[PDB]
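> sequence, then the experimental structure. Questions to follow.
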There are 2 protein chains.
Amino acid sequence: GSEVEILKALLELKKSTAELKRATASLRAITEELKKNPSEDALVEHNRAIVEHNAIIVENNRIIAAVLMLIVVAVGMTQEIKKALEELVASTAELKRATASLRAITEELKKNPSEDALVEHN
Amino acid sequence: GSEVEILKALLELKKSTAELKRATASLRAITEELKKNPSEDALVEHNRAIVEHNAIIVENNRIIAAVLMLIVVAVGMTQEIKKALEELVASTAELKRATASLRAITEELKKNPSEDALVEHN
C-alpha cells in the first residue's frame, strides 16, 4: 500500500525539483540574453510567461505532495488499526458473554435465592 | 493667509482632476489601439509607464492636499486664538493685581490687625 505511494511521492519531489532548477536556469538565461536587445519582445514575454507557469506548477506539486503525505500517514496505520479492532471485537464478545451469564444468574437468584447464587452474582 | 492658500488647494484639485481624466483617456486609447498590433512594443510599454506615473502623481496630489487642508484649518483660527490670548493676558494681569493687593492687605492686617483689615482680606 503506502510503501509504493510514498516512493512515488519521493519520485515526484525529485522531478519537481529538477523542473525548478531548469525553470530557474531559463529564467536567468532569459534575463541575460533578452536584455541585450529588448526589441525581441515576443521571445522575452513568452519565456517570462513560461517561467511563471513553471514556478506555479512547482509550488502546486509541493502542496499536493504535502497533502498526500497526510493521506499516506493515515494509510500506514492500517495494521495497527486492524489489530486494535480485533481486540475490540474480542472484548465486545466477552462482554456479551458476561452479560448473558449475569442475566441467567439474575433469573436463577430470583427464582431460587440461594446464598451461592448471591456469591455468583458478585 | 488661508484665504489664498485654500483657493490654491482648490485649483490644485481642479488640475489633478483634469490630469486624471486625460490620463484615463490615454489609458483606454492605448489599450484599445495597441491590442490591434502588439508588435509596437516600445509604444505600448512607454505609454503604460506614462499612465502608471500619472496615476501615482494624482494619488499623491490628493494626499498632499488632504494634509495641507489640516494646516489650513489650523491657520484659519488665528484670530480666534489671538482673541483668546488677549483675554488670557488681561486675566493674568488682573490676577497679578489681585495678588499684589492681597499681599499689601496681609501686611496691613498683621501690622495693625483692625477688623476692617480682616474684612478687606475676605
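Alright, I've got the coordinates. Numbers count the residues shown, from 1 in each chain, chains lettered A, B, ... in the order given.
> tell me the residues of chain A that contact chain B?
A:38, A:39, A:41, A:42 (C-beta under 8 Å from any C-beta of the partner chain). Every residue, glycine included, has its C-beta placed from N, CA and C.
> repeat the analysis, applying 6 Å as the threshold.
residue A:41 (C-beta under 6 Å from any C-beta of the partner chain).
> so how far is residue A:50 from residue A:25?
12 Å (C-beta to C-beta, to the nearest Å).
> the more surrounded of these two?
Using other C-beta atoms under 10 Å in any protein chain shown as the criterion, residue A:25 and residue A:50 rank with residue A:50 on top: 14 against 10.
> just the element for the more buried one, please.
Assigned by DSSP states H and E, residue A:50 falls within helix A:41-75.
> and the next helix-or-strand element following that helix, what's buried?
Moving toward the C-terminus from helix A:41-75, the next helix or strand (DSSP H and E) is helix A:78-111. Neighbour-count burial for helix A:78-111 flags A:105, A:109 (criterion: 16 or more other C-beta atoms under 10 Å in any protein chain shown).
> and the closest residue to chain B within chain A, how many neighbours?
Of all residues in chain A, the one sitting closest to chain B is residue A:41 (3.9 Å; C-beta to the nearest C-beta). Residue A:41: 17 surrounding residues under other C-beta under 10 Å.
> any idea what sits nearest it, other than its immediate chain neighbours?
residue B:41 (3.9 Å; C-beta to C-beta, 6 or more residues apart in numbering or on different chains).
> confirm for me that the one you found is in contact with residue A:40.
No. Assessed by C-beta atoms under 6 Å, residue B:41 is found out of contact with residue A:40, at 9.2 Å.
> separation between residue A:11 and residue A:59?
In terms of C-beta to C-beta, residue A:11 sits 18 Å off from residue A:59.
> repeat for residue A:37
31 Å.
> can you check residue A:116 too?
Distance from residue A:116 to residue A:59, by C-beta to C-beta: 76 Å.
> could you do residue A:68 as well?
Taken as C-beta to C-beta, the span from residue A:68 to residue A:59 is 15 Å.
> who's more crowded, these two?
residue A:68 (16 against 12).
> and the closest residue in space to the more buried one that isn't next to it in sequence, which helix or strand is it part of?
Closest residue to residue A:68 apart from its sequence neighbours, by C-beta to C-beta, 6+ apart: residue A:9 at 5.9 Å. Using DSSP H and E, residue A:9 sits within helix A:2-34.
> give the contact list for residue A:84.
Under the criterion of C-beta atoms under 6 Å, 6 or more residues apart in numbering or on different chains, residue A:84 has no neighbours.
> for it, give its distance to residue A:74.
To residue A:74, residue A:84 is 14 Å away according to C-beta to C-beta.
> try residue A:104
43 Å.
> now do the SS call for residue A:39.
coil (DSSP: H, G, I helix; E, B strand; the rest coil).
> related to what we said a few turns ago, buried sites along the helix holding residue A:9?
A:6, A:9, A:16, A:20, A:23, A:27, A:30, A:34.
> stretch A:49-63 now?
In stretch A:49-63, counting by 16+ other C-beta under 10 Å, buried: A:51, A:54, A:58, A:61.
> excluding chain neighbours, what is closest to residue A:13?
Closest to residue A:13 by C-beta to C-beta, 6+ apart is residue A:65, at 6.1 Å.
> surely the one you found and residue A:9 touch.
Yes. Using C-beta under 6 Å, residue A:65 is in contact with residue A:9, at 5.3 Å.
> overlap in contacts of the two?
Joint contacts of residue A:65 and residue A:9 (C-beta under 6 Å, 6+ apart) do not exist.
> next one: residue A:86 from residue A:79, what distance?
For residue A:86, the distance to residue A:79 - C-beta to C-beta - is 11 Å.
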